[PDB]
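Before any questions on binding or motion, here is one chain by itself as structure tokens, the form deposited in one PDB entry.
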């Protein structure tokens, strides 16, 4: 931190204590955030932000450099061939993917399957020239369970059928039970803490994304506050995904809010499930057929 202009030893200490440890957070911070640190003037605040942006080369980029940025995105396999295809490879890091679906469509299954697949290194697709092994080494998952449907048994099961050690999945997945939107949001904001503590958080699951908000803001006479809070929650999620190059998944029970990728899942015949990609920034809408068995997502 003392590398930054306007940052002395005493200032560095305040910064690390206020949770500002890495350059990107400072580079992307506002003067307000930094001035609420006490002992930090605005001039010093503005100087370090400018410095952080420069040390992180956050300026205009063109030509080939535009390709390199996009190459830092790695993807997580879903164990479904058709789904990975419709996804253009698999679930993208640096983005928020949503699986909306009717009751029992498999939203929660996909979340569990994703935590398991994170532990199979061959399920993380990436350009080894833009993403080093170390960056995806000892990957960990954060599971914000708002429904109370996290099932370690399902994790163990999905894991064995994948030839992955179940306990290892459990040992590398942080679960937080949220009972309302307040807890749901705070847990997400605290993910930074797990990372500063040395945890290579690469997957974040929010199941469910909307249940709490709908339950608390029932009265459609204050839907504004609702949209606001949630919007702020999505901002936090998108930033988290970009800055920590990790995949963010969210579920939504349906039978408006921000989401980079949008799916609507429905039940087919028995095992069958039909997921429809109806919105994304660079891919055409498409359908993916797969099934949910004792092994998890397959085909």
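Shifts are known only where both forms have a C-alpha. Numbering follows the first chain given and starts at 1. Between two forms, the rigid core is the largest collection of C-alphas that superpose within 1.5 Å.
Just so you know, the form deposited in another entry exists too; it's not on screen, but the next bit is about it.
When two forms of a protein are overlaid on their rigid core, residues whose CA moves 2 Å or more are considered shifted, and residue 231 is not one of them between this form and the one not shown.
After superposing the rigid core, the C-alpha of residue 268 moves by less than 2 Å between this form and the one not shown. Cα of residue 129 to Cα of residue 63: at least 3 Å longer in the other form than in the shown structure. Relative to this conformation, an increase of 3 Å or more in the Cα-Cα distance between residue 129 and residue 65 is found in the other form. After superposition on the rigid core, the segments of 3 or more consecutive residues displaced by 2 Å or more at every C-alpha between this form and the one not shown are found at 57-69, 256-258.
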